[PDB]
Amino acid sequence: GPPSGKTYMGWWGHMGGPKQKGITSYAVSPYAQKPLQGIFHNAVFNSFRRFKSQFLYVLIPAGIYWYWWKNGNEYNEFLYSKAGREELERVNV
Amino acid sequence: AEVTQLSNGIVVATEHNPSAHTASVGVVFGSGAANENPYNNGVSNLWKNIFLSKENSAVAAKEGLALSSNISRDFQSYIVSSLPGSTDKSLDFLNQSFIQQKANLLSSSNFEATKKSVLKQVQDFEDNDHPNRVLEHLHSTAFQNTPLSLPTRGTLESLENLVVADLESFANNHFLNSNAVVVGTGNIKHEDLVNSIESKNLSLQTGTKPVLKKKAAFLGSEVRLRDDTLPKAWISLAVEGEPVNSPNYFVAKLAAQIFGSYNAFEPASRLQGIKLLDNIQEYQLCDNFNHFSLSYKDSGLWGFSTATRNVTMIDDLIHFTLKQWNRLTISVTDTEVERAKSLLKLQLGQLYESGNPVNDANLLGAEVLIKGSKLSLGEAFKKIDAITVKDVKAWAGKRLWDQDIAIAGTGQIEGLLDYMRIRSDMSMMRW
Ligand SMILES: CCCCCCCCCCCO[C@@H]1O[C@H](CO)[C@@H](O[C@H]2O[C@H](CO)[C@@H](O)[C@H](O)[C@H]2O)[C@H](O)[C@H]1O
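From first to last, the protein sequence lines are chains A and B.
Take any residue in the first sequence, count from 1 to its spot, add 1: that is its number in the UniProt record's numbering.
Take any residue in the second sequence, count from 1 to its spot, add 26: that is its number in the UniProt record's numbering.
Written out as structure tokens, the structure is:
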């Protein structure tokens, strides 16, 4: 097999990270854990966590764009109604 | 292996050996590390060390006596060795050390020095004995929050918090007559050792029964102590095994013998009749491994330990080993069972009939403390010869096939995959 280029990721046994020392990890077999009831205990309780932390970053631009749309949509509606033909002749041509 | 046991309050058990040349007398208690708490853990290892204290050893050396102490999970021993005739003086030292030196050995100078010794002793073990340190963590994760999880030597944290008071409280609760057996092995006769015991009297620390608590429980889990600075990956993996007195005690041991032990550096070891060897030698998946069937009072551990420098093929080492284990449930052959019978006998032989009296003392005591009398090889060999392929399959079908596992490892274990990937290999797909 030919020599290919070096990258920032290797494989099992030589992944490419720094040497690890002092960290101990523990785990328990899924077979020994409470038959999954965390769907309506720590998922619905902890629900809206990802919401109230991030929603503003989405809601403000969402609101800005929705308002701009509704505003322009209503202006169009008026421009094409009887009451708006005067301003329509102006702003158009 | 031939026993003889009598009682008069103090239970005495011996095993004569006309070709001994020496004799060992001592006491063994039915309490070990599994009888300690997570906070007084190491108190037994501490007792062992003050008994073997420099002062105490000089007092025995002048008498032509050699001291020995072994701390295990279920039992604890203190043995004295001498020539066949000086046996009368060994009992005097035992009586002196455990029925008079309740404050002699516990002096501020002797204690603080011993404590300091076992502290460095344990710090070294935890620092350099990777295969045993891993095996100890195997017990620690497998029986977590349960008696069997505590390390026999104890932890550095609880070790340095121990005071003479801790040593005494343990002694008051475990160094009792109802929880002991006076042992005599070597060439001395039974109806002679009991006399010297009857020669004295008293009953200091008697009548009381030892304490009780919760039973050992196996939990499928793992503890990973990754250390990339080490040159190897040391791992130990096992299922819940058999307790002493289990109907499958010998079947489980025969199963372990089937996969055996291996040292990739010894020519003869590479030639053993273990199918697993055909899979791991092509790419040299490890430097060594050894299967085991550890048995204690409440539970056991059946599995193996391995050491390897092939850090990129650990998944294959594990995969191939567990795939061979599956065979015990579905395809183990007659010849494999017959080869295991022969070798189990051989190992039981080298264990129970070594020329060493202190080994026989520990085995005699620890065994009578559970079943009431050490088992003869003749009977063991008969149970072993009766094991059929079906016995092995039925056993593997319950302790191995698709059962939870306990894992522990240190060193370069990045290549050791997740729990589930390992747990999956405990069975095979079928129609
Ligand atoms: C491309 C779409 C086509 C989808 C077709 C669907 C395929 C369904 C395959 C279903 C079952 O296939 C079946 O899986 C189970 C595991 O779940 C296997 O079980 C195996 O592992 C389980 C453990 O998890 C063991 O208890 C069992 O003794 C062992 O045989 C079984 O031997 C296999 O036969």
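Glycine included, C-beta positions come from ideal geometry on N, C-alpha and C.
Between the alpha carbons of B/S325 and B/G375 lies a distance of about 24 Å.
The shortest CA-to-CA distance from B/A434 to any of A/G17, A/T25, A/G39 and A/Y32 is the one to A/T25.
The closest heavy atom of ligand 1 lies 7 Å or more from the beta carbon of B/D430. Counting the other CB atoms within 10 Å of its CB gives A/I65 a total below 16, which places it among the exposed residues. Interface annotation, B/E440: in contact with chain A, CB-CB separation under 8 Å. For B/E162, the closest alpha carbon among the candidates B/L219, B/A197 and B/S98 is that of B/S98. Looking from the CA of B/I125, the closest CA among B/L230, B/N289, B/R365 and B/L164 belongs to B/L230. Taking 4 residues as the shortest admissible run, the region 289-349 of chain B contains the following complete alpha helix (DSSP H) segments, listed from N- to C-terminal end: 302-306.
Residue contact with chain B for A/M10: absent (no Cβ-Cβ distance below 8 Å to any residue of chain B). If you look at B/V207, you'll find it in the beta strand (DSSP E) that goes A206 to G212.
Comparing alpha-carbon positions, the option among B/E186, B/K240, B/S204 and B/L131 lying closest to B/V148 turns out to be B/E186. By DSSP's assignment, B/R252 forms a beta bridge with B/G437.
If you compare the alpha carbons of B/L164, B/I340 and B/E292 with that of B/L320, the shortest gap goes to B/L164. Contacts with chain A (Cβ-Cβ distance below 8 Å) from the region 235-261 of chain B involve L245, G246, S247, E248, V249, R250, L251, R252, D253, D254 and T255, listed in chain order. Under the 10 Å beta carbon count, B/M339 is surrounded by 16 or more other beta carbons and is classified as buried. Spanning the alpha carbons of B/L219 and B/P383 requires a straight line of approximately 15 Å. The C-beta distance from B/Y288 to B/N314 rounds to 6 Å, short enough to meet the 8 Å contact threshold. Those residues of the region 58-83 of chain A placed with their C-beta closer than 7 Å to a C-beta in chain B do not exist. Residue-level contact by beta carbon fails for B/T414 and chain A, as no gap is shorter than 8 Å.
Residue contact check for A/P4 against chain B: no CB pair falls below 8 Å.
Using a cutoff of 7 Å, the CB of B/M454 counts as near ligand 1, since one of the ligand's heavy atoms is closer than that. Along the region 162-201 of chain B, the alpha helix (DSSP H) occurs as fully enclosed runs of 4 or more residues at 182-185 and 190-200, listed in sequence order. Out of B/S402, B/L395, B/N136 and B/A243, the CA that lies nearest to the CA of B/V37 is found in B/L395. For A/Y81, no beta strand (DSSP E) encloses it, and the DSSP letter there is neither H nor E. The beta strand (DSSP E) runs of length 3 or more contained entirely in the region 65-97 of chain B are, from start to end of the chain, 92-97. Residues of the region 14-44 of chain A with a C-beta atom less than 9 Å from some C-beta of chain B are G14, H15, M16, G18, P19, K20, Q21, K22, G23, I24, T25, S26, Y27, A28, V29, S30, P31, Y32 and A33, listed in chain order.
Among the CB atoms of chain A, one or more fall inside 8 Å of the CB of B/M446. Counting only Cβ-Cβ distances below 8 Å, B/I340 has contacts in chain A at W13 and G14, in chain order. Per DSSP, the unbroken beta strand (DSSP E) holding B/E266 starts and ends at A259 to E266. Closest by C-alpha distance to B/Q122, out of B/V53, B/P64, B/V190 and B/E62, is B/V53.
In the pairwise beta carbon analysis, the region 55-63 of chain B is classified as not touching the region 423-438 of chain B: fewer than three pairs are separated by under 8 Å.
Counting only the Cα atoms, B/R447 lies some 31 Å from B/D360. In the three-state reduction of the DSSP assignment, B/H42 falls in the strand class, which pools E and B. For the pair of segments examined, the region 188-201 of chain B was found not to touch the region 80-95 of chain B: the number of CB pairs separated by less than 8 Å stays below three. In this structure, the CA atom of B/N352 is about 7 Å from the CA atom of B/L426. Residue pairing by DSSP places B/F55 opposite B/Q102 and B/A206 in a beta bridge.
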